[PDB]
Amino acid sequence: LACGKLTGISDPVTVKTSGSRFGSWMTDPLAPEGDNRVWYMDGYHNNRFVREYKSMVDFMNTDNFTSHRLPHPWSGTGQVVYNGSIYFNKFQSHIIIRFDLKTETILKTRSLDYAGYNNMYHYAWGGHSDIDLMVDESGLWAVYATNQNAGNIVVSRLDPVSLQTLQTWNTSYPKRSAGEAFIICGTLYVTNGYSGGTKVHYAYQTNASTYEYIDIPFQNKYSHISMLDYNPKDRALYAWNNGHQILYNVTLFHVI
């Protein structure tokens, strides 16, 4: 209740026009003040190259960057950068990989048990987006689905070192009907599509194992969203919008 409940999503802010139709971009919520490097991942299929820009302003105003080449390629757009590592779904697998950016090596590899992959339980936009990793106020999560949950979204807390599952919740929401999803304060928010008409219309509260139908609309400025994640440090939503990297601010309601 203290941490906050989503009540509103701001106008989309265009930060850059770049890259293909589909991709992801993000900052590291546990980077020290003021390490404000931008991490950038173009493409959804068999890709390995991560761009590192020095700052938000360098990201916006230049096309200069450090490149990293992942020893394994990723699927989808569901990566997350967390405490100096990139977490991602190995191409054509339900394998999750922790790639340490400080040493430029893989630190951990592990199967995400029972997770669908290879366009089995993609988000509605497709693109091998079966497994979505994200970070909120309390840590690392994986958002996916399983046969046993009938293709409905499954949410698991993930240990950032072991990559083992710490706790799992089964929701009622068919992942392939979700445009995308993100977590704020332990609540999973799911969008109705990737081109509407867009809005957050389902919330699943993990602390109470309860879901609710809600209506928090937000503007899809460039007509296709293929990535959408919350950053707890920035308190913003990062999105890839049809070859545009955009930010939304949000409002949370707090009860102390």
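Numbering starts at 1 and follows the sequence shown.
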Could you check which stretch, 57 to 65 or 183 to 191, carries the larger mean CA temperature factor in the entry? 57 to 65
Residue stretch of maximal mean CA temperature factor, 23 to 31 vs 192 to 200: 192 to 200
If I read the C-alpha B-factors straight from the PDB entry, which of 113, 100, 137, 130 is highest? 113
Divide the modelled residues of the chain into thirds by Cα B-factor and specify which third, lowest, middle or highest, holds residue 252. lowest
Should residue 152 be placed in the lowest, middle or highest third of its chain by the C-alpha B factor in the entry? lowest
Of the three thirds of the chain ranked by Cα temperature factor, residue 13 occupies the highest
C-alpha B factor of residue 231, ranked within the chain: lowest, middle or highest third? lowest
Sorting the chain's modelled residues by C-alpha B-factor, tell me whether residue 208 ends up in the lowest, middle or highest third. highest
